[PDB]
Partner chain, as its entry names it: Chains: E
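The data below hold one chain only, encoded as structure tokens and taken in the form deposited without the partner chain.
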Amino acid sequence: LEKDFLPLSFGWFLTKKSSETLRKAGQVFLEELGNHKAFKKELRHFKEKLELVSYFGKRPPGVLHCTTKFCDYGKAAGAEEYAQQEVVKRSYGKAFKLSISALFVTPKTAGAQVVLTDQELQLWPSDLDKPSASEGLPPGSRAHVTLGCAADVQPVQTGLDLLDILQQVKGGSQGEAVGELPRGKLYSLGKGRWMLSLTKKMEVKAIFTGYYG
């Protein structure tokens, strides 16, 4: 009868090569964004400039990763429900490619938007608190890699911020780009929200597995 612990969370964990590449790309973005006059003009929402690398002080300590289901060893809602799925068991330990379409910043978080393939969507949970469907967006829209958080912000916030951004962008509030950074168009969504839409999507290798701490 004896029950088994679940992981702390399921997700795609980037290889060291991929993790370092994306981490470097994220840091260059914060450096460039912070230098951009359009960003400096609207510093209200955050002769001195703001170093965003310092602002987003809390970074993922290990390799970067895209979380599917936070489980807390079973103490999270729907953890056992998610973990016993056939597709989760089959995909365990398996290698995937994650497509990064954009990098974004809010006063709370910094992260990368992941656009899941159809296969990868099968690994996306259905019972997320405040899902994409709740905001008129397709499931898996809030898939992401967290690059950094403000001091009193928890990592789960990054998914909420991406969702909020995509609801702005969906409803035609994207507008025209305020400018351009090296690797894409820079969009200002107001209220401290910024998005860099990559000219060429970035691909990273990651293994779908369970994290225990």
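Positions refer to the first chain, counted from 1.
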property: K47 preceded by how many uncoordinated deposited residues after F46; result: 4 to 9
property: Per the entry, higher mean C-alpha B factor between 2-10 and 202-210; result: 2-10
property: Per the entry, higher mean C-alpha B factor between 142-150 and 163-171; result: 163-171
property: Top Cα B factor in the deposited entry, candidates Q119, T109, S91, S99; result: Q119
property: Selection from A95, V87, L128, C71 [criterion: highest C-alpha temperature factor in the record]; result: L128
property: Third of the chain's Cα B-factor distribution that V156 belongs to, per the entry; result: highest
property: Cα B factor band for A177 (lowest, middle or highest third within the chain); result: highest
property: Assigned third (lowest, middle, highest) for the C-alpha B factor of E32; result: middle
property: Relative C-alpha B-factor of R23, binned into the chain's lowest, middle or highest third; result: lowest
property: Third of the chain, ranked by Cα B-factor, where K41 sits; result: highest
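One more form of this protein should be noted, the form deposited with the partner chain bound, which is absent from this view; the next part is about it.
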query: Residue contact check: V87 to the partner chain in the deposited complex, 4.5 Å heavy atom; finding: no
query: Residue contact check: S126 to the partner chain in the deposited complex, 4.5 Å heavy atom; finding: no
query: Partner contact for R193 in the deposited complex: the partner chain, 4.5 angstroms, heavy atom; finding: no
query: The partner chain contact in the deposited complex: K97, any heavy atom under 4.5 Å; finding: yes
